[PDB]
Amino acid sequence: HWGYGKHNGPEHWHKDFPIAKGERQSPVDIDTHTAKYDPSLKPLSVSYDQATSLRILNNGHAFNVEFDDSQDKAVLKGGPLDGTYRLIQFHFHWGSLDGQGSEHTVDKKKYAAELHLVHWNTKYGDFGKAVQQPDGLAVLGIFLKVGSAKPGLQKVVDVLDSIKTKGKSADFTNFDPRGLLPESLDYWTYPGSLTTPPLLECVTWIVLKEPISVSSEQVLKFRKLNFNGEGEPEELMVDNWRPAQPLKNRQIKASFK
Ligand SMILES: CCOc1ccc2nc(S(N)(=O)=O)sc2c1
Ligand SMILES: [Zn+2]
């Protein structure tokens, strides 16, 4: 099965998922001098005050914090989007070293990790329908750099011991994702894809310009997770990022100049 190892990593994925070589794959390198300022772009509207987190899960390639998406509780609108997108989960990608880990890069610069808040377009009724549409998903991407600790992240860090191996889950209620946002909501946006299989080209990417800082101790605890299931040989969950893909016939737009 697919993963991030030498024998099943991103350069192998196209054999099972031919769309890996598609025309609107993610992630990409954001060239800040080629991105076009678009004054017609609206500010992002993040409404997370009623968010209901349920569970945190190690799924074998990352850990997901899952939300109740049966109503318009935590939604994303505005920006480049038409209509209302519901938050369903967030997860991270990170590296084995502080100098790598993000999926998107900015002028070829890598960050230590990247947070993805995944939302789906409510006009399609459920998430599985949404991923089959060109405007089905909106993923908010936030860069993590190593520096001062992020207080709002610590509740996530402290529960990781309980979901060390693949398939483990833990109740995770009353988590407020607003504690993970940067001060500014300026962004780049482009049409792209899921960055893990099935790599569907259904995503409007919204990548925030301002990174958040987390401490070395916080990111260190990410790196203690396991790709494997309990009772299997230990493989540390690190470097679960896909490298940048060709931009091809797309333009990256910026909400700011
Ligand atoms: C369709 C089964 O659920 C999936 C599969 C892949 C996938 N990739 C992302 S990401 N890394 O935010 O682009 S969210 C997501 C959800
Ligand atoms: Zn992701």
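Numbering, chain A: per Swiss-Prot, residues 4-260 in sequence.
Backbone N, Cα and C define each Cβ position, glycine as well.
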Looking at Swiss-Prot, which one out of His119, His122 binds Zn(2+) in the same site as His94, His96?
-> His119
Pick from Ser56, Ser73, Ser151, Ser165: which does Swiss-Prot describe as phosphoserine?
-> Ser165
Based on what Swiss-Prot says, identify which of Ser105, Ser172 is the phosphoserine one.
-> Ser172
To the nearest whole angstrom, state the Cα distance for the pair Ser172 (phosphoserine) and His96 (Zn(2+) binding site).
-> 18
Chain-internal residues, separated by at least six, CB under 8 A from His94 (Zn(2+) binding site) | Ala65, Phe66, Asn67, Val68, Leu118, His119, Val121
Take the C-alpha atoms of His64 (active site, proton donor/acceptor) and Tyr7 (site 'Fine-tunes the proton-transfer properties of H-64') and report the distance between them in angstrom, rounded.
-> 8
Between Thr198 (substrate binding site) and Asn62 (site 'Fine-tunes the proton-transfer properties of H-64'), find the distance joining the two CA atoms and give it rounded to the nearest Å.
-> 15
If you skip the near sequence neighbours and keep only those at least six away, which residues in the chain come within under 8 angstroms of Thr199 (substrate binding site), Cβ to Cβ?
-> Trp5, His64, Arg245
Surrounding the recorded Zn(2+) site, with Cβ no more than 8 Å from the Cβ centroid of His94, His96, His119 and those residues left out, we find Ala65, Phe93, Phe95, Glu106, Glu117, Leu118, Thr198
